[PDB]
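The structure under discussion appears below in the form of structure tokens.
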Amino acid sequence: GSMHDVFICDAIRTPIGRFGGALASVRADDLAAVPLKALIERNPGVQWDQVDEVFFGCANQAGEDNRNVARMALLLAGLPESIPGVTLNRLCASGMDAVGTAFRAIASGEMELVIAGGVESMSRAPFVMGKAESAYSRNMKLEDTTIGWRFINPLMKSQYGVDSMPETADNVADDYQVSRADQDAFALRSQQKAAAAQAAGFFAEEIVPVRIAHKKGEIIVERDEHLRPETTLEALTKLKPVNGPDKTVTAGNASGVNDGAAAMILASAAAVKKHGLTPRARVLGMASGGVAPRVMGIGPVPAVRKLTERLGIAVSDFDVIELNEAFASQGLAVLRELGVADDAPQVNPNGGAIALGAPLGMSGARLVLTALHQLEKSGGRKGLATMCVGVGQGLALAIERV
Amino acid sequence: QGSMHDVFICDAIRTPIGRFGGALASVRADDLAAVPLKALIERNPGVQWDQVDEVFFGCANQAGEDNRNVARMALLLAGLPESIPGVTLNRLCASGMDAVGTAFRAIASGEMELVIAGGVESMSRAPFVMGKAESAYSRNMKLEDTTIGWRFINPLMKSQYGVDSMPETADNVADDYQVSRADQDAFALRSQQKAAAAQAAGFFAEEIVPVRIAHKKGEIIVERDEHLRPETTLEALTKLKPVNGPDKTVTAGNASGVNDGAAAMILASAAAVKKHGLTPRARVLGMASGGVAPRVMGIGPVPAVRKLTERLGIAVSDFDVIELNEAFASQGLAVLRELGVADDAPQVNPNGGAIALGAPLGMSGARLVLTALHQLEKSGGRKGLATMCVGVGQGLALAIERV
Amino acid sequence: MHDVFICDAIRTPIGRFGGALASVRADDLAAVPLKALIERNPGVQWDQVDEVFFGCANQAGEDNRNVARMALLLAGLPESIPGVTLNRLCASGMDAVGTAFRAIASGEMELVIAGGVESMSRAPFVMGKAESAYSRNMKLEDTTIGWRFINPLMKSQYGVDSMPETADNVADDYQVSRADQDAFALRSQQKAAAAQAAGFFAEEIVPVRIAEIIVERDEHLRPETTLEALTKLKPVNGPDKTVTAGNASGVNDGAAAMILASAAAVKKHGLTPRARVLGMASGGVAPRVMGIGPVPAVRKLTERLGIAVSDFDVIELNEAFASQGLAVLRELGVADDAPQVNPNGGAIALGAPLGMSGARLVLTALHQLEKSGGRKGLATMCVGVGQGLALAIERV
Amino acid sequence: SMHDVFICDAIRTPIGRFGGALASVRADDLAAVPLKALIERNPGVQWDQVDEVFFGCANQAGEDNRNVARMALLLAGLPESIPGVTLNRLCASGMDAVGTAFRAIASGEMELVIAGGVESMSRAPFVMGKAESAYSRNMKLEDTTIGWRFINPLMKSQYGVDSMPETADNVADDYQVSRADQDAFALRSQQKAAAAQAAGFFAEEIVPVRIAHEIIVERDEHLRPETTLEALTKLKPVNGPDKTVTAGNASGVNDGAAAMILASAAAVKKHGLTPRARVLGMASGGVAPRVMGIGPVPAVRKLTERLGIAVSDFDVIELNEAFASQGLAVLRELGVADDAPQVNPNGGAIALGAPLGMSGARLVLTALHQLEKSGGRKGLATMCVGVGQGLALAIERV
Ligand SMILES: *SCCNC(=O)CCNC(=O)[C@H](O)C(C)(C)COP(=O)(O)OP(=O)(O)OC[C@H]1O[C@@H](n2cnc3c(N)ncnc32)[C@H](O)[C@@H]1OP(=O)(O)O
Ligand SMILES: *SCCNC(=O)CCNC(=O)[C@H](O)C(C)(C)COP(=O)(O)OP(=O)(O)OC[C@H]1O[C@@H](n2cnc3c(N)ncnc32)[C@H](O)[C@@H]1OP(=O)(O)O
Ligand SMILES: *SCCNC(=O)CCNC(=O)[C@H](O)C(C)(C)COP(=O)(O)OP(=O)(O)OC[C@H]1O[C@@H](n2cnc3c(N)ncnc32)[C@H](O)[C@@H]1OP(=O)(O)O
Ligand SMILES: *SCCNC(=O)CCNC(=O)[C@H](O)C(C)(C)COP(=O)(O)OP(=O)(O)OC[C@H]1O[C@@H](n2cnc3c(N)ncnc32)[C@H](O)[C@@H]1OP(=O)(O)O
């Protein structure tokens, strides 16, 4: 009759590649399979035919990630054909949704042993073309699915607008009064902290390599590619806003478009013991929230509020906060709404998506796993991961180290 | 750790199912998904809508007007407040049932109180996709149709598991489980007959809200499911040529079609049922999934049903209705045979299924759940089972219980 | 230097965009007139055809890779017969006749076929190759009619006005009023309707068989047109403008072909010489006023031949747009309603498949000379991006 | 009554490799390069007197769409009063432009004209047919770089739709042209071309192409001067182990443009031009598509018979090298030795490349160039055409 505790066990990720960069040759399905293969190699006591489900986040699903990439990935990874899979889409929150969905399946007693993760290959996102609506139609057109609006509904544009994600971040900067200077400082600190974590070997502990064929032999992609460790305030101040001279968001204070995949095991207490797993954290809960599309970046606020209210935990009780850095403007605006200092030590202690990049489907799984990793290294207890969502949402997920 | 919470399906509704290029072909998938959501608003005035915790929607494609989280797109279009979150699930033809069971788990685990679960597919409007060039001046650009089935084939997938088309997998099931053409056609006929009777009885009308269609001289309404072929005879079935060549058994007459449609339903905890003045119609009992060989995807319901009923301690024979998805007569028959249920068992698909009705991938699983409940209400039955197959070798099963 | 005679000539009907001929591949459509010439001319020894010259404005679709050659093979002409495709946009089919004429007049050939084709219904989309790996800048463009792959240097120096925009520019610069344009358009409809009922087009037309459905009537005509109806239409380019769908040609499908021959070949192949070709000339104008292009072309030709415009017993002036048709007539000193101009109507009523239209003008001008007993005839037309072409014949 | 016609100044771009030196240059802009050079090179011309620009172009789906002759003259800075027309006989297109230009002046309908050709095969677009029905599931992209697209079932069933290399394999088979002879032919092409490049022979024909942020392209890119018979021997046939045509014994896929002035004697005098050759004539011939490479044979026969000139009277023969197989077969049918010194003395398309629309204009101008250098009188340029044709053009140095 009682709900069951749920533990995150092993977790692992590919490096994050730049658009057109180190991972651009790797099909989304094959990329998604890389962390799955590593889970298999890294957890040899598991009876693999007992995995109840693979849940994977993926925002696109038009490309080599089409037709339920979770199931494609598990087959490519060498998991038995008897294992089910399902793909979740809450845009940039998809991979976190995977984790929280997996958690709810175990908490409710419907499953014992599951994998949750996320993939996105933005390099390889395809073009789409709608069907002709009439014989001999002269209005055929291609649209890029890399990021952002396509097949725009005129009713959506008239009621809510179809602001680009950078536009929404400018709207957040405007409405919440987040200065260019503050955004650049945040971005700088993101780059510094990530450069420090990379030199410390922190990212290395999370990463499994991806092997790439060249003409004369193979290389290994080993390192997060997006980082700009040489970033300075002077460098950031010189950049032009994406949307015009009177705006504040720049490529230097924004996440990038990127490729990568991540996955982790979740299990009941019985499953941990049966499969020889090492339990690392208990999942406390997940909540979602909605906001106006035009200020989508503030979405984390109702999400975090809803979760912490229900669990009865103060925002200030968390020993780590992984706040997604879609843009410095909205990162800062969320922190301020929540009463957390712009530079508080527990937020993004190893940097975030400004430095690391953000393959939509992967980023939510990455935030959960890195929060856990951070809690282990620092000896912290509770961790909060939260991110915003295109078209105006937030997602939040809380964990507690065992 | 505290108690699990009971979960109730309340009001449910769907659009008609349209033929490919037929009655609903002009309707964008996001607008189509909004249709049942707007009806749920109209039909339950007691609900305080700003208390919906989540809209969960199934959708197999997501490359078209259904792109970038159709659940969230649809709820905004439906006029639900911007404060309501949405998320889209993809287990191919099982997506809409996955929405229901995922909703159920969210409430059962105490994370939510009031949710909407549904599904949509516009297979009419499924776009073409073109991979990016890998090199400057590449001579290798290609368009592929996303309406149904394989695209961007992985060599590794093809080598190991094959990339059989869905009709091909149904031929494989026919061969491996020895389901004869004759038996397939008889199954298909009963589906047409039963659906025709249900339509005439007004049974589908109780499930349906109309879709409005733009027209010169004034918009029209679509009220009735379009796929049905009520005049079908064994003789016409017998004369059809198989999809995959002259030695095979699967034909367009004994297969589900490619179709458009949307459906949605409310799930609520007991406290939400009370607070919003909803009618609890059934309790959700549970959901299970299972995997099989891609090449025989149609048998996927078997592991799913066994997993579910074993954990719940319910025998297959205990269910008052079984809504078994009719992707193909071959797999429909092979599943029943494995589960020890007669090919023409009165509790199985009493109002016909996807052969007559059609099967918009995302919507189908949601239809199966709501129609099962509907049938329990008409018949006074207690427990129902809804189950379906999934391309690339899966099955999904969900059990409910009236009142 | 050799006299050159036009002999037998025929055409398909002209279909509307997406209408009666929309299912017919351009190459098969081109072959239809060629087959009819074979059937209609049994004295001809077909392995002696020196060349098939065909006009075609597009060449991206089933009309790709030298449609002249594709068509003659599809029409059952021996593989020994060569073909060549010419492209001067809407004047392409006239260019074909004029080029055939030059080949025979200079003594390099004796017996040739000249024609044109366009399937505008079937015109494909085009997409540039990616210029970088993982390019996000892929785009489809319609080739049915008008600008695609615009060159920024063309735009900045000459502009890339659409054809209707240039027709507005002519109406403005040459002061051609809306009411005059609509009047001319109505006369075009009325004359074509009269010609249709009299069997005039039927004498030019060979049917297209579609595997069976038979297309045998020009489809674009709107005999129902009234001045009042024309007055109510809205200008394509805004209320301050003049050109409308009703006083403009349409987008259309069709093919035409004719035999040209030296005196020797006429006699050898038992042909009926119907007209002598007198000459062809071209000219260039500013692209933004492309519709006035006929004027330099006609002046150049008539001056060289030593003929006045007023000497022609028929003038077949392409009707891309009423504004330019009228502008041209005015410039050349011919009345807006002169009886020898377009006596059976023109492109506003009949439609204008680009590559076919010039060959149609030449064959119909000849046909009208026969009907009327006239002597000299002039066919002339405008060309996108600023040209004109003119061709003179004399009934034998 | 017929008027004599003279070829005067002539110039070309270098020939670039597919995806190589000129891949960024739009076909219309590329066409404009020789035209602008003709202006620079001929100061006595009153440019508004040019009666017509005739240009060959095989594709016309890309930036070469909608009458590239006229686009090119405008981009070159020529007055807008000058008309233009584009000709398509596939690889023979640029030769057709010259021949057509010739008939225009000879017939007295013009006095001063430009003839040339262009092809950017690098930038050839993809094409997509329109949907035939609402919600059509049958939409498809095809490459227009070279060869069959939108295949007609009736063409395929009667005549076949063999690729260009397949037709060249068919000629090898039907006319018994061995792999070894083909390779030896190819090696001589490369060798002759490397010698001519070193002698500055191509330099004299070339105007550079300038590509901003800036690179000057001034040399033919396709040449393989290190080619040995041993290297060619190692190559695998395009169409499988039992065929004979290889990448090494075939022309390539390429970009480039060329143009030249043609004039009556009156126009020569008025415009202070140098008359370099009189044009004698052009003839065309058809063959079976499946052996398109043999097309030059009927073309050359029809031309020489009409002019009363034996093939052996020619001081230079510029035979297009689409493939060594068909080049050799053409030479043998015409009674000329596989290595005759008057044939392709500076090499040809195997070394140089073949941008379809340009190649025929190149053969005519280079033929004239060679006559000037060697002191010869009569020249013959000839080439094959996809779907089974040949074209031939004869000239005589003044
Ligand atoms: S939850 C995740 C949701 N995801 C998003 O919302 C994605 C948001 N990002 C984007 O859509 C794009 O990444 C935007 C913000 C639009 C930027 O697009 P660009 O393609 O313009 O980005 P690039 O970085 O490729 O180019 C911008 C130029 O700025 C320079 N630059 C960036 N960052 C720095 C730093 N830190 N220091 C110095 N310069 C920096 C880049 O070098 C580039 O300069 P170039 O000289 O043009 O290469
Ligand atoms: S969970 C569900 C998952 N989805 C699937 O697996 C969907 C599988 N279905 C398909 O892919 C297609 O529906 C297939 C099976 C390939 C058939 O596609 P078609 O496009 O051919 O379908 P049509 O509607 O065009 O039918 C083909 C011809 O057969 C005739 N026909 C069908 N059914 C009947 C019956 N009952 N009686 C007589 N004839 C029947 C159709 O009329 C049609 O003949 P036409 O003359 O072409 O109309
Ligand atoms: S050498 C010839 C060279 N070729 C050209 O220059 C081609 C010129 N033609 C065009 O480009 C187009 O045909 C233009 C002129 C742009 C018109 O196309 P539009 O797309 O702007 O408009 P439609 O073709 O869709 O037609 C608009 C409406 O006008 C009605 N209409 C046409 N003709 C008449 C007449 N005679 N009388 C009354 N109405 C007329 C059409 O029916 C249409 O109205 P609908 O309500 O949409 O049917
Ligand atoms: S009138 C003109 C009509 N046009 C034609 O019909 C042109 C016909 N040409 C073609 O269609 C192609 O160019 C063919 C002949 C099919 C070959 O295309 P490829 O893309 O294969 O051409 P590559 O240049 O890539 O050649 C393949 C490999 O062969 C090597 N190679 C070519 N020539 C030589 C010589 N002389 N010596 C040594 N090697 C040679 C290329 O380097 C290439 O090697 P890779 O390993 O592939 O780089």
Side-chain angles (χ1 to χ4, degrees), chain A residues 18-19 91-93 147-148 164-166 169 187-188 191 228 230-232 235-236 238-240 242 249-257 324-327 353-354 358-360 363-364 387-390, chain C residues 17 89-91 145-146 162-164 167 185-186 189 222 224-226 229-230 232-233 236 243-251 318-321 347-348 352 354 357-358 381-384, chain D residues 17-18 90-92 146-147 163-165 168 186-187 190 224 226-228 231-232 234-235 238 245-254 320-323 349-350 354 356 359-360 383-386:
Chain A
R18 282 208 168 141
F19 181 88
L91 301 184
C92 192
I147 181 161
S164 68
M165 312 276 285
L188 176 62
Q191 300 277 9
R228 280 153 168 118
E230 73 294 343
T231 294
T232 66
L236 291 168
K238 269 161 142 96
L239 299 175
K240 296 313 202 199
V242 173
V249 179
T250 76
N253 62 37
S255 60
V257 291
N324 167 250
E325 308 180 345
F327 302 84
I354 291 157
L360 308 177
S363 64
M387 59 215 311
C388 65
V389 179
Chain C
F17 180 89
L89 301 181
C90 195
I145 189 166
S162 80
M163 313 264 280
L186 174 65
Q189 300 284 359
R222 296 183 174 247
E224 66 276 9
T225 299
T226 65
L230 286 169
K232 281 165 191 215
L233 303 181
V236 175
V243 164
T244 71
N247 56 33
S249 188
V251 165
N318 173 242
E319 306 172 348
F321 300 90
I348 290 158
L354 301 185
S357 59
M381 68 209 311
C382 58
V383 178
Chain D
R17 284 199 151 164
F18 177 89
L90 305 180
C91 203
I146 186 157
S163 73
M164 300 286 265
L187 168 66
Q190 293 291 182
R224 293 167 167 121
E226 74 298 349
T227 298
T228 67
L232 285 171
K234 288 172 181 207
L235 298 191
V238 168
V245 167
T246 78
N249 63 33
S251 62
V253 161
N254 298 100
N320 158 81
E321 302 167 358
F323 305 84
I350 289 158
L356 305 171
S359 296
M383 67 207 313
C384 76
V385 174

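Excluded from the calculations below are hydrogen atoms, water molecules and symmetry mates; all remaining heavy atoms, backbone and side chain alike, are included. Proteins get letters first, then strands, A, B, ... in listed order; numbering begins at 1 in each. When a ligand or atom number is given, it counts from 1 through the structure's own listing order.
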ask   = In the protein, which heavy atom is nearest to atom 1 (S) of ligand 3, and how far is it?
value = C90(C) SG, 2.1 Å
Under 4.0 Å to a heavy atom of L232(D) - the qualifying atoms of ligand 4, by number = 36 (N)
task = Give a yes or no on whether the backbone of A347(C) and the side-chain of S249(C) come within a donor-acceptor separation of less than 3.5 Å.
result = yes
ask   = Rounded to the nearest 0.5 Å, how far apart are OG of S359(D) and CD of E321(D)?
value = 11.0 Å
request  = Provide, to 0.1 Å, the distance between atom 21 (O) of ligand 3 and the closest protein heavy atom, together with that atom's residue and name.
outcome  = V236(C) CG2, 4.0 Å
task = Please confirm whether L354(C) comes under 4.0 Å of ligand 3, counting heavy atoms of the residue only.
result = yes
message = For atom 11 (O) of ligand 3, what is the closest protein heavy atom, and at what distance to 0.1 Å?
response = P164(C) CG, 4.3 Å
task = Using a strict cut-off of 4.0 Å, indicate which atoms of ligand 1 neighbour a heavy atom of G252(A).
result = 32 (C), 33 (N)
task = Evaluate side chain to side chain contact (heavy atoms under 4.5 Å, CB included) for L187(D) paired with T227(D), printing each intermediate quantity in order.
result = CA-CA 7 Å; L187(D) 168 66; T227(D) 298; 4.2 Å; yes
Distance filter under 4.0 Å to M164(D) heavy atoms, resulting ligand 4 atoms = 6 (O)
ask   = Heavy-atom distance from atom 29 (O) of ligand 3 to the protein below 4.0 Å?
value = yes
request  = Grab the two heavy atoms, one from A248(C) and one from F321(C), that are nearest each other, plus how far apart they are.
outcome  = CB-CD2, 3.6 Å
Element-labelled atoms of ligand 1 that are located less than 4.0 Å from some non-hydrogen atom of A358(A) = 2 (C)
query = Among protein heavy atoms, which sits nearest to atom 39 (N) of ligand 1, and what does the distance come to when rounded to 0.1 Å?
reply = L239(A) CD2, 3.9 Å
task = Of all the heavy-atom pairs spanning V236(C) and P164(C), show the shortest one and how long it is.
result = CG1-CB, 4.5 Å
message = In the complex you have, is atom 44 (O) of ligand 1 within reach of the protein, judged by whether a heavy-atom distance drops under 4.0 Å?
response = no
key: Identity of the nearest option to atom 12 (C) of ligand 1, non-hydrogen atoms only, from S255(A), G390(A), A353(A)   = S255(A)
Region of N318(C) that comes within reach of ligand 3 [heavy atoms, distance under 4.0 Å] = side chain
message = Checking the N or O distance criterion of under 3.5 Å, is ligand 3 in contact with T225(C)?
response = yes
ask   = Closest non-hydrogen protein atom to atom 4 (N) of ligand 3, residue and atom name please, with distance?
value = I145(C) CD1, 3.6 Å
request  = Apply the test side chain to side chain contact (heavy atoms under 4.5 Å, CB included) to residues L236(A) and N253(A): give CA-CA distance (whole Å), side-chain angles for both, the deciding distance (0.1 Å), then the verdict.
outcome  = CA-CA 8 Å; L236(A) 291 168; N253(A) 62 37; 5.7 Å; no
query = N/O to N/O below 3.5 Å, does that happen between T244(C) and ligand 3?
reply = no
remark   = shortest atom 33 (N) of ligand 3-to-protein heavy-atom contact is with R222(C) NE, 3.3 Å
ask   = By number and element, which atoms of ligand 1 are closer than 4.0 Å to a non-hydrogen atom of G256(A)?
value = 7 (C), 13 (O)
request  = Ignoring hydrogens, tell whether any protein atom lies closer than 4.0 Å to atom 9 (N) of ligand 4; use the non-hydrogen atoms only.
outcome  = yes
ask   = Would a 4.0 Å cut-off, counted as strictly less than, catch a protein heavy atom around atom 36 (N) of ligand 4?
value = yes
request  = Could you tell me whether ligand 3 has any atom less than 4.0 Å away from a heavy atom of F321(C)?
outcome  = yes
key: Shortest protein heavy-atom distance from atom 15 (C) of ligand 3, along with the residue and atom involved   = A248(C) CB, 3.7 Å
key: Is_contact(atom 48 (O) of ligand 1), protein non-hydrogen, under 4.0 Å   = no
message = I'd like to know whether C92(A) forms a side chain to side chain contact (heavy atoms under 4.5 Å, CB included) with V389(A), so could you lay out the CA-CA distance, the side-chain angles of the two residues, the decisive distance to 0.1 Å, and finally the verdict.
response = CA-CA 6 Å; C92(A) 192; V389(A) 179; over 6 Å; no
message = Nearest 0.5 Å, please: how far is OG1 in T226(C) from CD in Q189(C)?
response = 10.5 Å
query = At what distance is the nearest protein heavy atom to atom 18 (O) of ligand 3, and which residue and atom is it?
reply = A245(C) CB, 4.9 Å
key: Shortest non-hydrogen contact between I354(A) and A187(A), atoms and distance   = CG2-CB, 3.9 Å
ask   = atom 25 (O) of ligand 4: protein heavy atom closer than 4.0 Å?
value = no
ask   = Under the 4.0 Å line, does any protein heavy atom show up next to atom 6 (O) of ligand 1?
value = yes
